[PDB]
Structure formats: structure tokens, C-alpha cells
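Below is one structure, written out as C-alpha cells; comments come after it.
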Amino acid sequence: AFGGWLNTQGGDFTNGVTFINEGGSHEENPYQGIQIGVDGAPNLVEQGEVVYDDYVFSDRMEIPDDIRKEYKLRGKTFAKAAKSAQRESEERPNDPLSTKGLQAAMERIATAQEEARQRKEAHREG
Amino acid sequence: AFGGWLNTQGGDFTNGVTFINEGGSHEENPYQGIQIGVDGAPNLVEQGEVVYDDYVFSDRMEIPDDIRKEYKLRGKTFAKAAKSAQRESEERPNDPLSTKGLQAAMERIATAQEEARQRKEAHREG
Amino acid sequence: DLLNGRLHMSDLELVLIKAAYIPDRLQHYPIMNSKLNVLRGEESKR
Amino acid sequence: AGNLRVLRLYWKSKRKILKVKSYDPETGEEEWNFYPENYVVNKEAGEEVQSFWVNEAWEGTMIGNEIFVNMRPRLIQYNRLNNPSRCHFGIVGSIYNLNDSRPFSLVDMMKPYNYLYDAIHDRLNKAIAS
Amino acid sequence: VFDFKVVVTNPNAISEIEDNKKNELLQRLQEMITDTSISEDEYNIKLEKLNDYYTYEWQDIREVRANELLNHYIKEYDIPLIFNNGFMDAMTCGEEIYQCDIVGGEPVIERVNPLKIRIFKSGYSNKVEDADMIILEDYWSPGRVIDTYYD
Amino acid sequence: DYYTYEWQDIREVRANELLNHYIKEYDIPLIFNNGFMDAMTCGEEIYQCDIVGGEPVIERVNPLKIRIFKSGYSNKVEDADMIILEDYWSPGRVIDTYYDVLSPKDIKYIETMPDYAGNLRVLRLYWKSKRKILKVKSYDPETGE
Amino acid sequence: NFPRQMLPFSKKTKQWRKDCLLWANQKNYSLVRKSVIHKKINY
Amino acid sequence: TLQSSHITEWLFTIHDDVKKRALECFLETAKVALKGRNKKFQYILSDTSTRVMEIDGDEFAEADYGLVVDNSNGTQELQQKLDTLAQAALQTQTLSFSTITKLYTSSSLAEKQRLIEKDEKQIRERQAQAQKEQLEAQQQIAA
Amino acid sequence: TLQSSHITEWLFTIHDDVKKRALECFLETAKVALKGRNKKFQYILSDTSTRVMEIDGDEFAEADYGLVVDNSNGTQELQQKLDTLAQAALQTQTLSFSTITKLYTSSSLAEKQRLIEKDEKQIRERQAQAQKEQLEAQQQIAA
Numbered sequence: 425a426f427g428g429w430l431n432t433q434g435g436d437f438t439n440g441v442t443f444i445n446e447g448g449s450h451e452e453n454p455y456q457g458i459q460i461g462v463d466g467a468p469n470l471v472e473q474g475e476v477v478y479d480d481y482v483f484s485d486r487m488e489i490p491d492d493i494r495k496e497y498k499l500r501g502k503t504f505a506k507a508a509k510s511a512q513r514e515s516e517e518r519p520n521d522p523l524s525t526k527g528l529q530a531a532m533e534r535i536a537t538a539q540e541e542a543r544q545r546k547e548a549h550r551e552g
Numbered sequence: 425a426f427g428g429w430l431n432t433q434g435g436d437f438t439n440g441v442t443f444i445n446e447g448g449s450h451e452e453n454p455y456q457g458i459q460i461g462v463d466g467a468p469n470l471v472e473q474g475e476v477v478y479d480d481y482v483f484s485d486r487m488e489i490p491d492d493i494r495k496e497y498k499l500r501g502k503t504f505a506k507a508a509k510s511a512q513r514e515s516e517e518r519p520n521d522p523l524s525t526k527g528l529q530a531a532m533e534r535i536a537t538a539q540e541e542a543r544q545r546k547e548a549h550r551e552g
Numbered sequence: 052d053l054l055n056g057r058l059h060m061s062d063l064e065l066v067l072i073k074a075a076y077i078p079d080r081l082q083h084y085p086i087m088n089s090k091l092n093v094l095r096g097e098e099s100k101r
Numbered sequence: 325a326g327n328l329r330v331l332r333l334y335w336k337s338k339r340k341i342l343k344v345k346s347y348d349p350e351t352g353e354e355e356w357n358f359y360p361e362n363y364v365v366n367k368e369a370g371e372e373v374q375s376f377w378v379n380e381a382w383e384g385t386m387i388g389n390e391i392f393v394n395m396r397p398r399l400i401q402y403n404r405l406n407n408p409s410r411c412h413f414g415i416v417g418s419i420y421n422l423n424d425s426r427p428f429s430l431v432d433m434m435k436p437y438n439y440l441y442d443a444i445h446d447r448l449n450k451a452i453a454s
Numbered sequence: 102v103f104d105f106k107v108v109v110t111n112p113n114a115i116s117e118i119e120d121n122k123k124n125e126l127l128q129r130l131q132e133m134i135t136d137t138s139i140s141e142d143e144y145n146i147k148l149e150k151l152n153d154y155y156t157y158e159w160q161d162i163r164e165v166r167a168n169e170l171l172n173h174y175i176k177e178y179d180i181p182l183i184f185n186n187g188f189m190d191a192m193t194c195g196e197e198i199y200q201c202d203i204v205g206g207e208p209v210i211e212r213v214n215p216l217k218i219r220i221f222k223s224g225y226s227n228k229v230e231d232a233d234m235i236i237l238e239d240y241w242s243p244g245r246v247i248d249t250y251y252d
Numbered sequence: 153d154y155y156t157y158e159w160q161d162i163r164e165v166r167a168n169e170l171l172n173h174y175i176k177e178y179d180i181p182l183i184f185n186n187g188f189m190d191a192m193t194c195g196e197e198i199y200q201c202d203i204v205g206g207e208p209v210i211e212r213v214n215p216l217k218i219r220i221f222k223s224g225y226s227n228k229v230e231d232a233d234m235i236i237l238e239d240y241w242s243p244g245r246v247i248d249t250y251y252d253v254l255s256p257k258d259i260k261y262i263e264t265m266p267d268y325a326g327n328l329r330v331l332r333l334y335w336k337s338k339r340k341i342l343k344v345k346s347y348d349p350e351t352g353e
Numbered sequence: 006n007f008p009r010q011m012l013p014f015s016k017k018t019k020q021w022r023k024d025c026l027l028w029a030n031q032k036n037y038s039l040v041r042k043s044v045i046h047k048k049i050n051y
Numbered sequence: 564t565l566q567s568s569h570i571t572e573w574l575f576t577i578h579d580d581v582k583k584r585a586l587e588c589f590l591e592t593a594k595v596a597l598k599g600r601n602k603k604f605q606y607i608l609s610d611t612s613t614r615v616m617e618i619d620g621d622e623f624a625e626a627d628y629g630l631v632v633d634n635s636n637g638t639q640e641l642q643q644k645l646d647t648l649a650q651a652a653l654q655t656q657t658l659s660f661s662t663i664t665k666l667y668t669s670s671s672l673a674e675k676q677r678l679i680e681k682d683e684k685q686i687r688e689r690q691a692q693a694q695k696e697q698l699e700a701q702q703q704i705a706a
Numbered sequence: 564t565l566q567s568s569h570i571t572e573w574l575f576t577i578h579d580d581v582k583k584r585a586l587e588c589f590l591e592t593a594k595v596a597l598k599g600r601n602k603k604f605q606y607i608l609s610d611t612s613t614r615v616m617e618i619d620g621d622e623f624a625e626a627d628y629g630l631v632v633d634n635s636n637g638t639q640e641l642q643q644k645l646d647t648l649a650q651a652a653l654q655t656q657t658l659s660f661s662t663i664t665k666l667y668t669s670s671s672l673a674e675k676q677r678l679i680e681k682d683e684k685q686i687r688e689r690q691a692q693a694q695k696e697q698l699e700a701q702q703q704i705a706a
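See the structure below:
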């Protein structure tokens with residue numbers, strides 16, 4: 425089903441990145457989103475968002491250019507920036523360097539997204 | 425990464441000398457310097475300084491000529507004098523004589539730097 | 052080469072050939088190989 | 325026969341990787357790691373980097389003349405803990421040779437005497453017949 | 102004799118890097134028996150199962166997994182007969198070649214026809230792992246192509 | 153229980169654990185069997201021990217591909233002042249051995265070779337130089353020794 | 006001719022990989041192996 | 564006929580080397596199939612064997628972790644040294660009839676070593692508590 | 564056939580000399596790879612074996628420290644003299660079933676010597692405290 429998986433040679437090998445690539449937006453689903461776990467119990471995710479290691483990269487918000495040149499992100503949104511840092515390890519899921527390179531890249535985009543969210547949390551409350 | 429290391433034959437061999445050769449000055453870094461340990467806890471070092479055996483050779487200060495002819499130092503600063511006493515043992519890290527010759531040379535430049543620092547401590551307080 | 056079954060005709064005579076046929080070349084029979092393979096087979100088991 | 329020609333290529337490519345030297349946060353101990361080329365090196369922490377070219381095992385399969393499948397880095401990289409370029413394919417074996425030569429096999433050293441057995445038994449069979 | 106067992110080369114040499122990896126495994130089995138057991142009914146059944154694994158080492162847990170993988174697949178595939186056919190290739194052409202691949206998610210081991218393998222850039226090397234490029238050409242069943250590349 | 157041990161016991165264990173693992177890893181008895189076959193053929197049994205990939209590794213040397221200079225009348229091959237080793241290596245073996253020292257133009261030299325066997329001539333010189341050293345006599349501070 | 010292996014992963018595209026297989030169909037000489045004509049006579 | 568077996572022994576020693584390396588090559592292929600959503604490995608492995616993949620560093624050779632496929636004279640005597648040690652512990656009541664069957668169905672010389680060490684250590688603690696239990700019963704009668 | 568083995572024995576004695584020296588040469592190469600940031604040695608060595616490199620003087624031959632690679636008749640009898648001594652200590656309850664397995668998996672004649680000396684010295688101190696414990700129990704009843 426192509427999303428963060430390498431389904432070759434009779435197996436199901438992944439790099440850990442969870443492409444939630446079906447359903448639709450939280451407004452479009454009768455169940456209000458794809459549920460990825462009873463943990466909050468409604469862990470609801472939509473068709474654009476990307477999940478790595480229980481961290482969800484949101485497709486709604488976008489990359490500020492100060493957070494684009496710094497941290498060297500590539501995509502327009504944060505989900506589309508997470509889909510470009512996994513493009514190497516997607517077809518070589520079992521290399522140790524790619525698991526090193528993904529673990530480092532997924533942390534950069536994570537701290538980039540938390541940095542953009544604390545900006546917008548301060549932006550509207552001000 | 426070339427700094428006091430011989431990365432040959434698939435290994436990482438060093439003479440013990442720690443070239444802190446990235447980042448920048450304490451004024452240039454947001455973290456105020458490269459941290460080399462929680463010991466004082468902020469052990470902060472800059473791009474010029476050289477570390478051997480928990481002793482930091484400062485690049486800021488220079489060699490007085492009385493401390494140059496005596497102790498037979500070569501470089502302009504104390505970091506650049508520590509980079510010249512390690513130039514033999516840098517490419518032969520496993521010779522016993524080079525570990526003897528470095529252990530003796532690093533002590534001469536250390537007592538030279540403490541001698542110059544006690545001069546300047548007396549110089550301004552006078 | 053003698054252990055690999057190759058006979059150089061220049062090593063056992065002064066040559067007055073280069074074509075692989077017995078009317079002017081010589082068959083080699085490997086009778087020295089079995090002798091050596093005992094001693095390496097004993098060394099395997101020591 | 326109704327079978328398909330299956331060609332499989334196994335080949336080592338050259339992958340650019342980065343060797344990053346970082347300092348341990350707790351102790352002043354320099355550390356070494358190997359990263360892919362897309363790694364953003366963390367200066368402001370002293371991470372100085374060098375980039376190397378390194379073997380990487382690849383694989384590809386052609387079926388007939390028109391099918392092209394499994395063209396990707398070989399997913400069993402027979403990896404070693406300290407050498408990033410040391411890998412191979414699944415194909416394991418040996419030549420039973422002597423001193424970098426071509427193998428003088430057991431059949432090869434008995435084939436002269438089998439060919440001579442066939443010539444003398446030919447003379448035997450024509451002597452039996454007449 | 103065919104006793105091809107994965108052994109620890111130095112079974113009395115345990116390090117702290119092996120002790121930390123053992124502690125991660127033991128705590129991971131703590132969490133899953135915490136979830137899977139329903140409220141002390143079967144928690145002390147799992148607990149008696151887990152306590153005798155404290156006697157083990159990291160190199161013991163790895164040497165058991167390696168043997169269980171090798172014990173089952175030697176008996177499943179009858180691998181001693183695979184090795185007997187390649188030894189017959191060894192006494193004929195001087196070449197004994199085996200391919201290990203994943204087919205259908207299983208590890209599988211095959212012997213290679215020496216007439217249907219091309220070895221390039223090996224050097225003067227004796228071993229076939231030391232080649233930079235290998236081409237394998239054979240005529241396959243249509244069922245074997247669909248059993249191998251269906252996905 | 154390491155108080156029961158001695159310094160020579162700790163060293164004799166480390167030496168054996170290094171030798172126990174690598175005899176079984178490399179199957180070193182088969183390496184020695186091939187060189188004994190060289191011994192009964194040309195009278196020469198040569199082995200090279202190097203570091204490749206950070207590992208100690210042991211190889212047997214083809215006697216036709218090793219030049220021994222300034223050995224003297226010495227029987228042993230350790231007693232030579234200069235040895236030249238010339239063999240044709242795989243391009244993967246050159247990148248497995250020198251990846252950390254090959255420059256990008258050196259890697260461009262390897263890929264842009266014509267490749268008409326496709327192996328690289330690898331010449332390795334081993335030689336003894338002359339190093340100037342100093343012998344310093346000092347007195348012990350505590351005793352007059 | 007065999008395409009360039011000294012490339013980034015971005016430029017190892019689907020036509021780059023198809024070029025390596027097309028070269029393999031173009032296709036044997038080794039230094040420590042006999043011919044396939046030699047081995048087949050032995051078999 | 565033993566000296567005629569020596570002439571062909573050289574052919575068997577390279578054969579045992581290929582079998583050693585093809586089984587190390589099969590083991591590493593099998594380590595990679597584990598992380599590919601195959602439920603067959605949940606039947607041929609343990610629970611602890613299923614969790615070795617959870618730790619980081621399962622991409623490398625087992626010989627980089629101290630494990631080697633080995634069919635040598637040292638391994639064959641180590642198996643029978645552990646087998647005769649078990650029967651010597653079976654009688655004299657140091658090893659149970661339950662775990663002697665586990666040594667018979669073990670396939671690992673580290674597994675069957677740990678079972679010999681287990682049953683010894685269980686029984687000696689049971690003998691240690693039985694010694695004090697009879698001693699405290701003797702003293703509480705006297706008290 | 565023993566006198567025909569003598570004709571070729573001279574060829575084997577120089578072979579065992581090369582194997583002795585190439586293994587000493589391999590051991591010194593291995594001592595130098597230790598100080599090169601290789602984590603494989605953290606799996607094949609102990610913790611005490613990892614710390615021999617911390618002391619100064621690991622650049623020299625082991626024969627300058629008293630260690631020699633040795634495959635001679637004295638070493639082979641010293642191994643079996645220690646093996647039969649262990650089984651003689653196994654019965655009569657001087658050596659544990661735990662540590663007899665450690666002698667079976669030891670590879671060092673100094674290691675397995677220290678284990679025989681350990682279990683003897685532990686047990687004789689346990690017998691020494693058990694002798695006084697029964698004697699003081701006898702006297703405190705009489706007191």
C-alpha cells in the first residue's frame with residue numbers, strides 16, 4: 425500500500441514512517457479522522475499527516491521561511507517536509523546509516539514543528 | 425575530521441590531542457562555546475583552542491619572547507605552539523617514543539602557559 | 052603449473072610446440088599431486 | 325519449453341556517506357558516526373564532517389525482455405559493524421584452486437585416463453568383432 | 102558429521118555493553134507481560150517464565166536465536182542434501198556456489214549452477230563473496246516468477 | 153574474583169580471547185593449510201597481518217607476488233628491510249580498504265577507468337626508514353638512580 | 006557501457022537502474041575460473 | 564584406508580569452509596527476514612529470541628558480536644562434555660528429570676549450560692533452607 | 564608407518580614455527596586495532612581485557628611480558644592435567660557444577676587454574692565457618 429513501506433521479496437519492510445494516506449480530513453470523515461491508537467483515546471489523524479515514532483507531522487500548517495532556511499527543510503508543509511527526509515531510507519529500510527540518517531532528520535523536523543507551533547501560540551494570544 | 429586523528433586503515437587512531445576546530449569563539453556561538461564536559467559544568471571551548479589530557483591551550487593569548495626562547499616554543503599563540511609539538515605523533519599515534527615525546531612536550535607548553543598567566547594576573551592587579 | 056597439470060616443454064628439453076596436440080607436445084600425468092595431498096591432508100588433521 | 329528467461333544483476337554501487345565527529349555531552353569524549361549524504365551537520369556543537377565514497381550492494385531483475393523488477397539497493401546488506409563499505413550479495417562460494425590459478429579439478433586429473441580408456445576399449449571391441 | 106552450531110567464541114567474556122543490551126531486553130519483556138496479563142491471574146505465570154532469563158547473557162540470547170533459526174531451516178530444507186550436490190560440483194569443475202535470498206519472506210538457500218553464474222571484478226580472489234558484480238541467468242517457471250515477484 | 157588473578161593472567165586472557173575468536177571467525181587453520189601447500193611446492197610460506205576496516209586480518213601471500221629486498225641470508229621474512237607486494241585488486245576491495253583516504257579525484261580515477325578483467329593494480333611498498341631519536345639519562349628524584 | 010555509479014541517491018533514477026540491467030543483457037572471463045565450455049564437457 | 568582418506572581430505576576442508584560461510588550467510592539473511600512481518604518466526608523462535616530485533620544493531624554480522632557457525636573438534640567435545648556432565652548430575656540428584664529432557668532438545672551449548680547451572684543453584688538453596696529449618700526446629704524444641 | 568612419518572616430519576616442524584610466529588604477529592596487530600575505536604572488541608573481550616589497554620606499555624610484544632603462543636607437548640598435557648584435576652574436584656564436592664562448565668568454555672590455562680583455586684578456597688572457608696558454628700552451638704547449649 426506504498427506508504428513508507430518496501431513490499432518486496434515477499435516481505436513487508438518499513439523505515440518506521442507511517443503515511444496516513446487514506447480517508448480524508450477530520451471534517452471529511454464520519455469518524456472524524458483515522459484513529460491510530462487508544463492511548466488521549468481518540469488519536470485521530472487525516473489523509474495528509476505523516477507519523478514517525480508517535481510524532482505526527484501536520485499537513486495543515488506550513489513552513490515559515492525562517493524555519494525553512496534554518497533546519498534546511500524542503501517541503502511546503504511539515505508533512506511534505508517529512509516525506510522528503512525519508513525518501514532515502516524508504517527503499518533501503520535495513521541500512522544502519524539510513525536508520526541513523528532518518529532518526530536525525532525526523533528530530534530536526536520535529537523541533538522545527540514545535541518551534542513553529544510555539545510561535546503561532548504566542549502570535550494569536552498576543 | 426582531521427583534528428589530532430589518524431583515520432587510516434578503517435580505524436580511528438589518535439595521539440590524545442583534541443583539536444576543537446569547529447563552531448567559533450565564545451562570542452560567536454549561541455551556546456557560548458563548544459562544551460567538552462560536565463565536570466564546573468559549562469566546560470566551554472572555542473575554535474582555536476587545543477586540548478590535551480584535560481588541559482586546554484588557549485588561542486587568545488600569545489607567547490612572550492622570554493617564554494619563547496626559554497622552553498623552546500614555536501607557535502605564535504599557545505594553541506599554535508601545541509599544534510607544532512604534536513606534529514610528529516599525529517601520524518604515528520602508536521609509537522611509544524612519540525607518546526613519550528608528546529607527554530614531555532605537552533607539559534612544557536602547559537607550564538609555559540601557567541607561567542604567562544601568572545605574569546598577566548600580576549600585571550593588571552599591580 | 053606442474054601441480055595444475057601444465058607441462059612446459061622448455062623445462063625438460065631444449066626445444067627446436073605451441074599447439075595443443077600430442078604429435079609434437081607431451082601429455083603430463085599428475086603423479087606428484089597425490090604425494091602432496093597426503094601431507095596437506097595430514098596437516099589438516101594434526 | 326514454456327519457461328521465462330530470468331536475468332538478475334547483483335552489483336556494488338558507490339554511495340556518498342558522511343563521517344561526523346561529535347563530542348559526548350556528559351564527557352569530553354570525541355565520537356564518530358557515519359551518516360548518509362542528506363544529513364544536516366550540527367555545527368554550533370563542534371560537529372565537523374568528512375564525506376566518503378563507499379560500496380553499496382544493488383540488485384535488479386529482468387524477466388523475458390520487457391519486465392524490470394526489484395531495481396533497488398539490495399535489502400540484505402551483509403553489513404559489518406565497523407566498515408560501511410564492506411558488503412556483498414547472497415552469493416557465497418569458493419574456487420577449489422591452487423595459488424590464484426584456475427581449478428585443476430578431480431575430473432580434470434582423471435579425464436586423460438578416461439579418454440585413454442575409451443581408445444583402448446575401442447580396439448578391444450573391434451578385436452572382439454573380427 | 103553435521104553439527105554446525107552457532108557458538109559464542111568467548112563464552113566467559115561479558116562486557117558492560119552486553120549488560121546494557123540485556124537490561125533493555127529484560128525491561129521490554131516487563132512491559133509486554135504487564136499489558137498482556139489480565140490483573141495478576143497470569144502475571145505470576147509470565148514472571149516465573151521471565152526469572153530464569155536473568156541467568157542468561159546477551160550473548161546467550163543471541164546464540165539461542167541464531168541456533169533456532171539454523172536448527173529449523175536445516176531440517177526444513179534438508180540443507181545437507183543441498184551441500185552434497187554442490188560438493189559434486191566441487192569435484193567436477195572446482196566451484197561450489199550457494200545463494201541465500203529472501204523469497205516469500207523466508208530465508209532460502211539454493212546452490213548455483215556454475216554454468217549459469219558470471220562473476221566480474223572478483224580479482225584473483227578465491228571466494229565468491231569478494232566479487233563486485235555477479236550476473237545470474239536461468240530459465241524460470243512462470244509459477245516461480247509469480248511466486249517470487251507477485252508483489 | 154579478579155583479585156585472585158595476576159597481571160599476567162589478565163593479559164593471557166585478553167590474548168587468548170583475541171586469538172580464540174579470530175581463529176574461528178576466519179577459519180585460520182584453512183589459511184595455514186594453503187600456505188603449507190606453497191611450502192611443499194616452492195619452499196615459501198608467507199603470511200601478512202594487517203588492519204583492514206579496523207579489524208586484524210591475516211592473509212597468505214602468493215610467493216610470485218612478493219619481492220623481498222635486503223633480507224640478507226636470513227631464513228625468515230620478518231628480517232627483510234624492504235618488501236614490495238603487487239596484486240590486482242577488485243574495485244570493491246580498494247573501496248573497502250581505502251575509503252577513508254581516497255580523495256574524490258581518486259574515486260573519479262576508479263570509476264573512469266576504461267574497464268576493458326576490470327581490476328586495479330595495487331602496489332604496496334613496505335620499507336624501513338631511519339629515524340633520529342635521543343637517549344636521555346636522567347636521575348630519579350627520590351633515589352640517586 | 007555501464008552507467009556512472011558515483012552519483013547521489015537522487016540521480017539514481019528508474020532509468021538509471023534500467024540502464025544497469027540493459028548493460029547486463031549486453032553481457036564471460038574470470039581469472040580463477042575455467043570456461044563454461046570447459047566445465048560443461050566435465051559435466 | 565586412513566592414509567587414503569588423507570589424499571582427499573584437502574577437498575573436504577574447503578567444503579566445510581563453504582558450509583561454514585553459507586550458513587553464516589543464511590543466518591544474516593534470516594536476521595533480515597525477521598523484520599519483514601512474517602509470522603512464521605513467531606513459531607520457530609522464543610519470546611526472548613523475538614525481542615533481540617527490538618534492540619539496535621541487528622543489521623551487522625554475528626561474528627561482530629562474538630557468534631560463529633562452528634563445526635570443529637572443540638565444539639563436538641564441548642557438547643559431550645556438557646552431556647556427560649548432565650548425566651553425572653542426573654544421578655546424585657543435582658539435575659531434574661524435567662530439565663535433562665530440555666538438554667536433550669536444546670541445540671545450543673549456551674542454553675544447556677545455563678540449565679545445568681540453574682538446577683544446581685535451585686537445589687543448593689533448597690538444601691540450604693532445609694539445613695536451617697531442621698536446625699531451628701531443634702533449637703525451638705530446646706528453647 | 565611411523566618411521567615414514569619421520570621423513571616428512573621436518574617439513575611440519577618449520578610449518579608449526581610459521582604458525583607460531585604468524586599468530587604472534589596476528590596478536591600484535593590485534594593489540595593495535597584495540598586502540599582504534601572499534602566496538603567489535605567490546606563483544607569478544609571481557610571488561611578486564613578491555614582495560615589492559617588503559618595501562619602504559621601495550622605497544623610491545625607479548626613475549627616481552629612473558630606471553631608466548633605455544634602448541635607443544637607441555638601445553639597439551641598442562642591442559643589435560645587441569646581437566647582431570649577438575650573432574651577429580653567435581654566429585655568429592657570441591658568444585659561446583661557451575662564453574663566446571665566455565666572450565667569447559669575457558670580457552671586459557673591461567674583462567675581455568677584460577678577457577679579451580681577459587682572454588683576450593685570458597686568451600687574450605689564455608690567448611691571452616693560450619694565447623695565453628697556447630698561448635699559454638701554445642702557450647703552455648705552447655706553454657
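These protein sequences, in sequence, are chains V, B, F, P, D, W, Z, H and G. Residue numbering for the first sequence is 425 to 463, 466 to 552, as defined by the authors' numbering. Residue numbering for the second sequence is 425 to 463, 466 to 552, as defined by the authors' numbering. Residue numbering for the third sequence is 52 to 67, 72 to 101, as defined by the authors' numbering. Residue numbering for the fourth sequence follows the authors' numbering, beginning at 325 and increasing consecutively. Residue numbering for the fifth sequence follows the authors' numbering, beginning at 102 and increasing consecutively. Residue numbering for the sixth sequence is 153 to 268, 325 to 353, as defined by the authors' numbering. Residue numbering for the seventh sequence is 6 to 32, 36 to 51, as defined by the authors' numbering. Residue numbering for the eighth sequence follows the authors' numbering, beginning at 564 and increasing consecutively. Residue numbering for the ninth sequence follows the authors' numbering, beginning at 564 and increasing consecutively. Virtual Cβ for every residue (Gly too), placed ideally from N, Cα, C.
Tell me the rounded alpha-carbon separation between residue i and residue j.
| i | j | result |
| --- | --- | --- |
| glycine 440(B) | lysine 546(B) | 29 Å |
| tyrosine 606(H) | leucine 597(H) | 12 Å |
| residue 553(B) | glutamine 529(B) | Only positions 425 to 552 of chain B appear in this structure, which leaves residue 553(B) out of reach. |
| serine 670(H) | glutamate 164(D) | 10 Å |
| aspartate 190(W) | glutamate 197(W) | 6 Å |
| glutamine 82(F) | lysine 338(W) | 54 Å |
| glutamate 696(H) | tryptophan 159(D) | 37 Å |
Kindly say whether residue i, judged by its beta-carbon, lies nearer than 9 Å to any beta-carbon of chain G.
| i | result |
| --- | --- |
| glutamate 158(D) | no |
Does any C-beta atom of chain P lie closer than 9 Å to the C-beta of residue i?
| i | result |
| --- | --- |
| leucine 470(V) | no |
Would you say residue i reaches chain C, if we count a Cβ-Cβ gap shorter than 9 Å as a contact?
| i | result |
| --- | --- |
| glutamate 64(F) | In the structure shown, chain C cannot be found, because the protein chains are V, B, F, P, D, W, Z, H and G. |
Mapping the DSSP letters down to three states, classify residue i as helix, strand or coil.
| i | result |
| --- | --- |
| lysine 228(D) | strand |
| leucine 672(H) | helix |
| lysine 336(P) | strand |
| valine 482(B) | strand |
| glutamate 207(W) | strand |
Against chain W, with Cβ distances strictly below 9 Å, would residue i count as a contact?
| i | result |
| --- | --- |
| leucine 58(F) | no |
Are any of the Cβ atoms in chain F nearer than 9 Å to that of residue i?
| i | result |
| --- | --- |
| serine 425(P) | yes |
Would residue i pass as an interface residue toward chain V - the criterion being a Cβ-Cβ separation below 9 Å?
| i | result |
| --- | --- |
| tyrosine 251(D) | yes |
| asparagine 636(H) | no |
Complete runs of the beta strand (DSSP E) confined to the region 379-436 of chain P [at least 3 residues]: 391-397, 415-419
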